[PDB]
Amino acid sequence: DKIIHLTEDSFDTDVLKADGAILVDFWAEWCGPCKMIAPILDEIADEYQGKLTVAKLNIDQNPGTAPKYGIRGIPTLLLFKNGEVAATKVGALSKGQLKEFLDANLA
């Protein structure tokens, strides 16, 4: 399991203070598309070992982190490079699309 399981006390440590690329996934259990991308995040964390880490925050369990990044709509994928939000993607996507997002924004 490569996926970091974030919280609101661990958000600053796990993400804001990381030395590298962190892909936060804001999601919730009732959200179908969130659930649709979850098997995919697994594939990504594997394929992007050593190029980024994948992390996940559940906004109902951890309700005070998401309005800080103006999230209104899930799933939202933020790419952070050293605690700075390099890139935003709202709603769901496929593997190929997610690759593209990452390759294009990792560079």
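Residues numbered from 1 in each chain as written, not as in the entry; some residues may be left out. Heavy atoms only, no water.

J.: Please provide a residue-by-residue account of the state of the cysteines, values included.
T.: Counted under the stated rule, the structure contains one disulfide. What pairs with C31 in a disulfide is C34, and their sulfur atoms sit 2.0 Å apart. Torsion about the S-S bond of the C31 and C34 cystine: about 90°, corresponding to right-handed handedness. As far as burial versus exposure is concerned, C31 and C34 are alike and both buried. (Disulfide = S-S within 2.5 Å. Buried < 20%, exposed > 50% of the residue type's maximum accessible area, 1.4 Å probe, protein only.)

J.: Requested: an account of the side chain of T76, with residues and values cited.
T.: You can see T76 is positioned in strand β4 (residues 76–81). The buried category is assigned to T76, whose relative accessible area is 3%. At 2.5 Å, the side chain of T76 forms a polar contact with the backbone oxygen of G73. Look past the residues within four positions of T76 in its chain and what remains in contact with it is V24, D25, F26, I71, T88, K89 and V90. (Helix = DSSP H or I, 4+ residues; strand = E, 2+ residues; numbered from the N terminus. Polar contact = N/O pair within 3.5 Å; in protein donor to acceptor, adjacent residues only side chain to side chain. Contact = heavy atoms within 4.5 Å.)

J.: Give me the pattern of salt bridges: which residues, what numbers.
T.: Counted by the stated rule, this structure contains four salt bridges. Among the charged side chains, a salt-bridge network with shared partners connects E43, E47 and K95. (Salt bridge = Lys/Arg side-chain N within 4 Å of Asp/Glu carboxyl O.)

J.: How would you explain the UniProt feature "active site" in the chain if you had to name every residue and give the values?
T.: Per the UniProt record, the feature "active site" sits at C31 and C34. Along the chain, the position of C31 falls in the loop between β2 (21–27) and α2 (32–47). The exposure class assigned to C31 is buried, which follows from its relative accessible area of 4%. Mapped onto the secondary structure, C34 falls in helix α2. (UniProt positions renumbered as here; feature names shortened; annotations may be inferred.)

J.: I'd like a rundown of the nonpolar core, residues and numbers included.
T.: Side chains of a nonpolar character, in soluble globular proteins, are inclined to be buried together. Within the largest apolar cluster, 19 residues are counted, with the highest numbers of intra-cluster contacts made by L6, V15, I22, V24, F26, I74 and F80. Among the elements of the structure, α1 (11–16), β2, β3 (53–58) and β4 are those that each provide at least two residues to this core. For this core, the element with the most residues is β2, which contributes four residues. Setting aside chain neighbours within four positions, we find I22 in contact with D14, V15, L52, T53, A55, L78, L79 and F80. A21, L77, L79 and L102 belong to the second-largest nonpolar core, a separate cluster that totals 18 residues. (Core = buried A, V, L, I, M, F, W, Y, C linked by side-chain atoms within 4.5 Å.)

J.: Please give an account of the sheet that holds β2 that cites residues and values.
T.: The sheet built from five strands is open, its strands ordered β1-β3-β2-β4-β5 with mixed pairing. Whereas interior strands pair on both sides, the edge strands pair on one side only; in this sheet they are β1 (4–5) and β5 (84–90). Contacts from α2 reach β2, β3 and β4 within the one sheet, and its direction differs from that of β3 by about 155°. Each of β2, β4 and β5 touches helix α3 (residues 95–106); the most contacted strand, β4, lies at about 25° to it. (Pairing = 2+ DSSP bridges. Axes fitted to C-alpha atoms, helices over the stretch in contact; angles between N-to-C directions.)

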